Amino acid sequence: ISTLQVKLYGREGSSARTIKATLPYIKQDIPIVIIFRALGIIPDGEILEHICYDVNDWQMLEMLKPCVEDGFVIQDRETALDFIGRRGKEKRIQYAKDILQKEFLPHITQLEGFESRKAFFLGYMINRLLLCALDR
Amino acid sequence: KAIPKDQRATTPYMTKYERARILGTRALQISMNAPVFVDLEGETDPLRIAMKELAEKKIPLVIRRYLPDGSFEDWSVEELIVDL
Amino acid sequence: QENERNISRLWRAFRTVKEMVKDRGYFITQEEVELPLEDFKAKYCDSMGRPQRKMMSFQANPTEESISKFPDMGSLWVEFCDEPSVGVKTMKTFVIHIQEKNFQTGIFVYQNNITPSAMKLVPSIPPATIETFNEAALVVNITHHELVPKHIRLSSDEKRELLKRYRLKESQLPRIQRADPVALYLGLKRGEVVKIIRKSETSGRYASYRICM
Amino acid sequence: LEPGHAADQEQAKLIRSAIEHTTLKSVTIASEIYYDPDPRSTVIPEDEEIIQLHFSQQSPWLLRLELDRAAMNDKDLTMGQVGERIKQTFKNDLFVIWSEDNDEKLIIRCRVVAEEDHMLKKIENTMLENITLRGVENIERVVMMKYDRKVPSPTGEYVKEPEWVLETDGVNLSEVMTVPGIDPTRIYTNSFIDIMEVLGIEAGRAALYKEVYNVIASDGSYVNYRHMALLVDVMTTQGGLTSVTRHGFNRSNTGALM
Amino acid sequence: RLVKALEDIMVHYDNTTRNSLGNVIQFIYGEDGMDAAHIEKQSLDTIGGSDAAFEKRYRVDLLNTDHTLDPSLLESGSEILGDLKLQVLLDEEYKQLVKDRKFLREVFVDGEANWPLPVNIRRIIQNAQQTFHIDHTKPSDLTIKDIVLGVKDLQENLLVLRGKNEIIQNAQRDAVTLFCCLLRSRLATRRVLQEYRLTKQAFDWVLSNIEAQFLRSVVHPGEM
């Protein structure tokens, strides 16, 4: 029984409106872009495609810009899992790569051949969150 | 130290608590077959006898009223006014 | 624009200052307090329009009526500063001014704020007392308010009399804060008891007492 | 209100307009950031007349505010008020233009006087939050409620003299009572905290009693004065406002067992 | 919480409301030293009404042949007309009533007259004009001095505090100020002679009864 939380930092008025997430027994909260890149979806836009299911929605994407600004440091999968592992030498990746299978959203699958499922689902949660944040 | 009989500042009237305490004490005394200083006139109840003994001011007791500073004024039951 | 508002606020602050000083037991005529804005502008404002703030700073003298009760009460000096963020620089000038002029009470009326480096040397010149006051905090006389009863600063003999008649100790009196706006208004030192005379819906007049700490 | 103008609600509206808080964000439809190179010729065809009339060193990045025409009437303020507010806020490091109220488009243009594009955003942020067009802070809203009042007639008796009183969602007594136009001697707030902080411990006592008594009498009940007076006095004798909790009177210098 | 906070508070034998530390909460309990049980809502009919009605109801002018006491009211109303020495006392009484009107209108700014006070005077008066069976068509055997100086001396007996120093006496006159306003308002010469039509005996009985009930109404020391 695990509980995943997706937090939207910075209220109405703040400029640092980043979006982070809480993963099972991991020290600090991780930017969502890092999570997506740790799941295989590396470049921008495709992440937004996994989040914003309508390219016409400029508001939601505008709200997603500082998330891209946040996770601009990590530009590949290996360093993403390395980041999560640093939170929690290469062993940490195998630690990280375990948490995304056995602990991160276990209700879909605890296998190893499913990464796009949890990615799209996470993007769905982001979509709901922002829909609530945009007063829609 | 003490407080002189003159220049006493407290109420010359007996408080209801003083009355209840005095009647209670005197009734406690009478209840243990102590001498009665008034005519019974048929009365047998120690409290009632104490009341009649109070109306005639025949109760040899004295109230020590304590001021918050530690001072105290003495007021005999015979002197205190009972208007209650 | 901003000029008229500044002039008006400073004027009301000045009136309130006069009321305060005359309430502490100093000689200020009632006519002086009720100084019209036209006269104020025609006595303190320049021909250009700039309000010369330092032109207002005056001194006050204790009435003989006040000397009878408080003989040790000396002359007071009101000072309206021109500098906004007053640092230690003007503070030295004011302190040395009260020092040389040899007064007992110095009222420093600033218009914004005082640096902690300047308030570090304010309570350090006995027996003289220097009191800091914000101009915006004196625009309206708080003692004129409904819920504010009259406080009467009584002498040491009156205080000892109060402590004797109710056979009290200083810790048994009701207390008033030193930073209490009324205590600040009267300029109360620690230990100074005030007789607060309030109206009562059950007796009409009721006198409480508050020792300052 | 002032002892003079009592029935003049037209002045009460002015006081309401001078007290009720009003931010720039509260009257803004939207904000945009354009790249407008030539200052004397705008890409937007709607701002051509504006820059044409404001003719009689800068930044290419433009900050364009669009305001709500209906909200400018509610708060009762002009474009000049807003523009001069922004100007007085940023002084010299922000060139500000705007359209007159007669136009059908309430627009404001702002320019700064590397990495500058994501530096103007913060500015507009501070333009939305940390900007007060008029009124006092915390004072979120003000309502003109006409109270009935018993006043001694010149002939002697008491007559109902109704006056306009300004109720308020929000509290900032330290700056509202110093406002020119109202009677600062009768001003009151349900927050006995602010009363105690501004007017003194005695006024705090009076307000505290007023509030407790208000709670009691609101139910339709009635408790004799001396009881509530005793409570308030005990809450107020320590010098400040002592609560009736384990933090208040239980921290007093009484007996340990008690 | 309320109980545990106000627990150790009671009235001591100097009518001072204190705690276990002896700290003064109220110098005079309830600011008047009265027990709440012996307090009833009574109207202060001087705080209301026009100045014209106030004058019409309280002004006695022995120097005026129109605003004087009719010989039907007082037994000595004929030989009282024009008496300067008594008009001094009446001017004193009326002036005190005016001062009381000012004071009351300062205290209760809304002009409320009905306020809880000890000793129901109305019931005492209506008991006077019931015990002695006084008719409304007979000259009272009272005197201006009797009423004025009588009431003025009644206030000296309405004791709550009983010290001998200036402070305690000031607190005493402060604590009974309101009730004395009520007393002067109800026991004014015009009101006593015309509205009540009390006799000397009945008036003395009223004074004695008022004093008694006042002394009964005082809070008992030890009252938790």
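What counts as what
Residues numbered from 1 in each chain as written, not as in the entry; some residues may be left out. Chains lettered and ligands numbered in written order. Part of a larger assembly, values for the part shown. Heavy atoms only, no water. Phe/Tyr/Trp six-rings, centres within 6.5 Å; stacked < 30°, edge-to-face > 60°. Helix = DSSP H or I, 4+ residues; strand = E, 2+ residues; numbered from the N terminus. Buried < 20%, exposed > 50% of the residue type's maximum accessible area, 1.4 Å probe, protein only. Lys NZ or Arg CZ within 6 Å of the ring centre and 35° of its normal. Contact = heavy atoms within 4.5 Å. Patch = residues over 30% accessible without salt bridge, like charges linked within 9 Å, V, L, I, M, F, W, Y side chains within 5 Å. Areas by Shrake-Rupley, 256 points an atom, 1.4 Å probe, with all protein chains shown as cover. Salt bridge = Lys/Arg side-chain N within 4 Å of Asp/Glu carboxyl O. Buried area = accessible area lost by both parts, 1.4 Å probe. Polar contact = N/O pair within 3.5 Å; in protein donor to acceptor, adjacent residues only side chain to side chain. Nonpolar A, V, L, I, M, F, W, Y, C, P; charged D, E, K, R; others polar. Core = buried A, V, L, I, M, F, W, Y, C linked by side-chain atoms within 4.5 Å. Expected span 1.5 Å × (residues − 1). Axes fitted to C-alpha atoms, helices over the stretch in contact; angles between N-to-C directions. Parallel < 35°, antiparallel > 145°, perpendicular 65-115°, else oblique. Pairing = 2+ DSSP bridges.

- In its metadata, the entry names X-ray crystallography as the structure determination method and reports 2.951 Å as the resolution.

Structural notes on the packing of aromatic side chains
For step 1, the next point in the chain: By the definition in use, this model includes 19 aromatic pairs over all chains.
For step 2, the next point in the chain: On the basis of an interplanar angle of 70° and a centroid distance of 5.7 Å, the ring pair of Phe14 of chain C and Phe58 of chain C is categorised as edge-to-face. Of this pair, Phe14 of chain C sits in helix 1 (residues 2-24) while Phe58 of chain C is found in the loop between helix 3 (37-44) and strand 1 (59-60), placing the two residues 44 residues apart along the sequence.
For step 3, the next point in the chain: Exposure remark for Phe14 of chain C: the relative accessible area of 3% places this residue in the buried category.
For step 4, the next point in the chain: Aromatic ring contacts, followed pair by pair, group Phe14, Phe40, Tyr44, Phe58 and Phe80 of chain C into a single cluster.
For step 5, the next point in the chain: The aromatic ring of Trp75 of chain B is capped on one face by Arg8 of chain B, whose charged end is 3.8 Å from the ring centroid.

Focus: the environment of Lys57 of chain B
Residues and elements named next belong to chain B.
For step 1, the next point in the chain: One can find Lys57 in the loop between helix 2 (46-55) and strand 1 (62-66).
For step 2, the next point in the chain: For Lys57, a relative accessible area of 27% translates into the label partly exposed.
For step 3, the next point in the chain: Remark: the alpha-carbon pair of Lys57 and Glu79, spanning 22 residues in sequence, is separated by 8.5 Å.
For step 4, the next point in the chain: With residues up to four places along the chain from it excluded, the contact list for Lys57 reads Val77, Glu78, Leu80 and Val82.

Observations regarding a nonpolar patch on the surface
For step 1, the next point in the chain: Residues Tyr53, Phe120, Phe121 and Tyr124 of chain A make up a contiguous nonpolar surface patch of about 410 Å² in total accessible area.
For step 2, the next point in the chain: Looking at where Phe121 of chain A falls in the secondary structure, it is placed in helix 6 (residues 116-133).

Some thoughts on the interface of chain D and chain C
For step 1, the next point in the chain: The interface is formed by 29 residues belonging to chain D together with 27 residues belonging to chain C.
For step 2, the next point in the chain: Between chain D and chain C, the buried area comes to about 2100 Å², and carbon and sulfur atoms account for 53% of it.
For step 3, the next point in the chain: When the area that chain D buries against chain C is broken down by residue, the three leading residues are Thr178, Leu199 and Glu202 of chain D, summing to 28%.
For step 4, the next point in the chain: With a closest N to O distance of 2.4 Å, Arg210 of chain C and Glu202 of chain D form a salt bridge.
For step 5, the next point in the chain: Taken together, chain D and chain C are joined by 11 residue pairs in polar contact.
For step 6, the next point in the chain: A per-element tally of the side of chain D that touches chain C places helix 8 (residues 201-218) of chain D first, with 7 residues.
For step 7, the next point in the chain: Along the lines of polarity and charge, the residues of the side of chain D that touches chain C split into 15 nonpolar, 8 polar and 6 charged.

Here we look at the nonpolar core
For step 1, the next point in the chain: Ranked by internal contacts, the top residues of the largest apolar core, which has 71 residues, are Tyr209 of chain C together with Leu187 and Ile210 of chain E.
For step 2, the next point in the chain: No other element matches the 7 residues that helix 9 (residues 200-217) of chain E contributes to this core.
For step 3, the next point in the chain: Those residues in contact with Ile210 of chain E that sit more than four places away from it in its chain are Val119, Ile121, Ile124, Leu154, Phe179, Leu183 and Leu187 of chain E.
For step 4, the next point in the chain: Among the nonpolar cores identified, the runner-up in size contains 37 residues, and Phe36, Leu64, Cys67 and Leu134 of chain A belong to it.

Details of the interface of chain A and chain D
For step 1, the next point in the chain: Each partner contributes to the interface: chain A provides 6 residues, whereas chain D provides 5 residues.
For step 2, the next point in the chain: Taken together, both faces of the contact between chain A and chain D bury some 310 Å²; the carbon and sulfur share is 35%.
For step 3, the next point in the chain: It is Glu12, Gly13 and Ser15 of chain A that lose the most area in chain A upon contact with chain D, and together they represent 83% of the buried surface on that side.
For step 4, the next point in the chain: On inspection of chain A and its partner chain D, the count reaches 1 salt bridge.
For step 5, the next point in the chain: Put simply, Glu12 of chain A and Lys25 of chain D hold a salt bridge, and the shortest N to O gap is 3.8 Å.
For step 6, the next point in the chain: The residue makeup of the side of chain A that touches chain D, split by class, is no nonpolar, 3 polar and 3 charged.

Observations concerning the pattern of salt bridges
For step 1, the next point in the chain: Inspection of every chain in the model, using the stated rule, returns 61 salt bridges over all chains.
For step 2, the next point in the chain: For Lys7 of chain A, the salt bridge is made with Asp29 of chain A, and the minimal N-O distance between the two is 3.4 Å. Of this pair, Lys7 of chain A sits in strand 1 (residues 5-8) while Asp29 of chain A sits in the loop between strand 2 (19-22) and strand 3 (30-31), placing them 22 residues apart in sequence.
For step 3, the next point in the chain: Judged by relative accessible area, which is 33%, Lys7 of chain A ranks as partly exposed.
For step 4, the next point in the chain: For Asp29 of chain A, a relative accessible area of 16% translates into the label buried.
For step 5, the next point in the chain: The shortest N-O distance in the salt bridge between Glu46 of chain D and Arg64 of chain D comes to 3.5 Å.

Some words on helix 1 of chain C
Residue and element names in this part refer to chain C.
For step 1, the next point in the chain: Here helix 1 is 23 residues long and its end C-alpha atoms lie 33 Å apart, about the 33 Å a rise of 1.5 Å per residue gives.
For step 2, the next point in the chain: Listed in full, the buried residues belonging to helix 1 are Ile7, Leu10, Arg12, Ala13, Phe14, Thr16, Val17, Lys18, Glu19, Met20, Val21 and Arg24.
For step 3, the next point in the chain: Among the residues trailing helix 1, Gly25 stands out with phi positive, at a value near 115°.

Here we look at the packing of helix 2 (residues 51-58) of chain E against helix 8 (residues 189-196) of chain E
All names here are of chain E.
For step 1, the next point in the chain: For the pair helix 2 and helix 8, the least separation of the axes is 8 Å and the interaxial angle reads 70°. Here helix 8 runs roughly perpendicular to helix 2, going by the angle between their axes. Between helix 2 and helix 8, the residues in contact are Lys56, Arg57 and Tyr58 and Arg190, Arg191 and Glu195, respectively.
For step 2, the next point in the chain: Here the residues of the contact of helix 2 with helix 8 sort into 1 nonpolar, no polar and 5 charged.

Digging into the side chain of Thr18 of chain A
Residues and elements named next belong to chain A.
For step 1, the next point in the chain: As for its placement among the helices and strands, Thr18 is situated in the loop between strand 1 and strand 2.
For step 2, the next point in the chain: Owing to a relative accessible area of 11%, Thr18 belongs among the buried residues under this scheme.
For step 3, the next point in the chain: Reaching out from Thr18, the side chain makes a polar contact with the side chain of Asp70 at a distance of 2.7 Å.

Some remarks on the sheet that holds strand 2 (residues 76-80) of chain C
Residue and element names in this part refer to chain C.
For step 1, the next point in the chain: Reading across the sheet, the 4 strands line up as 1-2-4-6 and stay open at both edges, with mixed pairing between neighbours. The sheet is open, and its two borders are formed by strand 1 and strand 6 (129-134), each paired with just one other strand.
For step 2, the next point in the chain: Strand direction decides the pairing type here: strand 1 and strand 2, joined by 2 bridges, are antiparallel. Paired with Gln59 across the bridge in strand 2 is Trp77.
For step 3, the next point in the chain: Across the sheet, helix 1 is in contact with strand 1, strand 2, strand 4 (105-110) and strand 6; its angle to strand 2 comes to roughly 170°.
For step 4, the next point in the chain: Running at roughly 155° to strand 4, helix 5 (residues 88-101) makes contact with strand 2, strand 4 and strand 6 of the sheet.

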